[PDB]
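Taking it in order: structure first as structure tokens, then the write-up.
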Amino acid sequence: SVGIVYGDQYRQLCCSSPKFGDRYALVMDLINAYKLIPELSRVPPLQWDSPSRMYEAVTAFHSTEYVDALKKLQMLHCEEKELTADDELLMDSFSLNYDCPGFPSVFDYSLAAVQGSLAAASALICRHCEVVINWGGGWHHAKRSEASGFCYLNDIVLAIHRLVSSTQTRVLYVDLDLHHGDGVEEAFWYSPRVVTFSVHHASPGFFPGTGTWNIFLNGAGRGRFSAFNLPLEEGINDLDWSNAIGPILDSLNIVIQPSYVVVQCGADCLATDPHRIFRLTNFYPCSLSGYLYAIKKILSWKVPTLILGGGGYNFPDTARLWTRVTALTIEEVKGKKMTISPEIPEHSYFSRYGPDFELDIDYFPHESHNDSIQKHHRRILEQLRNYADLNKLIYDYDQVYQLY
Ligand SMILES: Cn1cc(CNCC2CCN(c3ncc(C(=O)NO)cn3)CC2)c2ccccc21
Ligand SMILES: [K+]
Ligand SMILES: [K+]
Ligand SMILES: [Zn+2]
């Protein structure tokens with residue numbers, strides 16, 4: 001089946017942060033309003049038998065001292081008194097500040113995404129679902145002992161760790177967010193069994209700064225050549241982004257033959273995101289949403305797949321996109337046509353979709369603002385060949401080369 005992570009408490013926690021407000025509720029209620037929930041298997045977020053078991057799961061990636069500090073940060077924000085200077089310094093040492101501040105549910109909020117993505121991984125491993133969706137996860141920036149980019153715990157790294165440790169198992173990670181998936185790339189820098197691929201904007205001063213010329217670094221030790229990046233200029237439209245990523249995705253699948261795919265589907269590439277860097281849409285025809293193009297291509301491989309959320313700061317338009325991703329996933333997995341009215345159906349959050357209440361985002365596409373892509377394709381092809389040689393994988397050089 002196709003699974004999707006949700007639950008009443010999960011919803012409450014995913015809506016408890018100051019940065020993302022009620023975004024997750026709009027997403028799930030739009031999916032519900034389009035009558036997709038009966039098509040999907042509800043995957044309950046993972047809960048544990050003890051604090052010790054919870055700590056063991058989270059510290060599979062994060063340090064105990066970071067988890068301790070994150071939990072203390074929540075406690076401190078549930079009291080009225082200011083932090084002590086010593087406690088401010090402690091939080092600063094884990095970057096729990098400015099961009100990743102405390103709030104009264106910061107630990108339960110961050111943990112909830114881990115709970116959802118670990119449960120989603122398990123549903124794939126046991127074969128209950130062929131694809132699982134978690135629109136409350138996808139927090140790709142968090143590091144072993146560091147919060148970053150509004151991300152406190154890296155549910156993606158933990159989910160991937162659970163997948164690769166199941167039964168050689170290789171995972172392909174595809175990061176469609178506007179920003180470079182640095183936390184996941186770093187976690188698996190030395191691992192050839194998790195190949196990471198991020199497409200993103202990069203430019204001077206733009207967060208987080210990595211995923212671009214440094215030459216291109218691409219892994220180390222036995223993980224050399226296993227970290228792939230495609231930085232793209234601002235203004236790119238659906239078609240040019242699709243043509244940029246398409247052959248790379250196909251060639252990665254052919255060469256790596258992954259046991260699982262994990263996709264991060266951050267919605268901040270939309271033309272209507274307040275970032276306004278890329279000009280992608282959620283259109284499903286004559287522009288085809290780059291997101292929908294990529295997901296359809298990944299799902300055509302018939303590999304068990306985890307689809308995660310991420311960025312997306314225009315909440316109604318993030319719901320508009322992820323509702324279409326969810327419908328496409330049902331259609332591709334079950335072979336069952338999903339017809340979606342171009343008109344937003346009545347439901348709790350209908351007023352948020354004004355003034356015109358249509359499923360398409362309110363945007364009029366045109367040509368990209370910007371040869372460079374061809375150089376990147378040559379570089380990535382060479383890196384893939386290097387990866388395959390280092391890891392003794394066999395592959396038709398010219399079937400792969402002809403994809404470009
Ligand atoms: C305006 N203003 C600027 C700052 C300093 N930090 C800003 C950067 C902006 C850029 N930034 C950031 N992180 C993640 C994402 C994302 O979507 N990742 O997939 C996007 N953007 C880091 C933080 C700041 C801190 C607190 C309050 C206001 C403040
Ligand atoms: K990305
Ligand atoms: K890697
Ligand atoms: Zn982002």
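Nothing fancy with the numbering, it's 1 onward along the sequence. Order of listing sets the numbers, starting from 1, for every ligand and every atom in it.
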Are the side chain of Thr84 and the backbone N or O of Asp87 linked by a donor-acceptor pair below 3.5 Å?
yes
Which pair of heavy atoms, one from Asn243 and one from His377, lies closest together, and at what distance?
O-CE1, 3.7 Å
Listing protein N, O or S under 2.8 Å around the Zn ion (ligand 4) gives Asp177 OD1, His179 ND1, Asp268 OD2
Test your reading of the model: is there a side-chain donor-acceptor pair from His140 to the backbone of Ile156, 3.5 Å cut-off?
no
Counting backbone and side-chain atoms alike, is an N, O or S atom of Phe188 positioned under 3.4 Å from the K ion (ligand 3)?
yes
Are any side-chain N or O atoms of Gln115 and backbone N or O atoms of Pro45, one a donor and one an acceptor, separated by less than 3.5 Å?
no
Whether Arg53 and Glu56 form a salt bridge (side-chain N of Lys/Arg under 4.0 Å from carboxylate O of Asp/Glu) is what I want to check.
yes
Would you check if there is a donor-acceptor pair between the side chains of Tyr404 and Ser251 at a distance under 3.5 Å?
yes
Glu185 versus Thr196, side-chain donor and acceptor atoms under 3.5 Å:
no
Between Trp139 and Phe20, does the ring centre distance come in under 6.0 Å?
yes
Determine the interplanar angle of the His179 and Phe206 rings, folded into 0 to 90°, and report it as parallel if under 30°, tilted if 30 to 60°, perpendicular if over 60°.
parallel
Passing candidate, side chain to side chain contact (heavy atoms under 4.5 Å, CB included) with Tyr260, options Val171, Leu306, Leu172
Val171
Check whether any N, O or S atom of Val195 sits under 3.4 Å from the K ion (ligand 3).
no
Under a 4.5 Å cut-off applied to non-hydrogen side-chain atoms, are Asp68 and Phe94 in contact?
no
State whether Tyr190 contributes an N/O/S atom found under 3.4 Å from the K ion (ligand 3).
no
What does the list of residues with a heavy atom under 4.0 Å from ligand 1 look like, ordered by chain and number?
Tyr98, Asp99, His140, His141, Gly149, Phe150, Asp177, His179, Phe207, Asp268, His275, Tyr313
Indicate if the distance from the K ion (ligand 3) to the nearest N, O or S atom of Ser191 falls below 3.4 Å.
yes
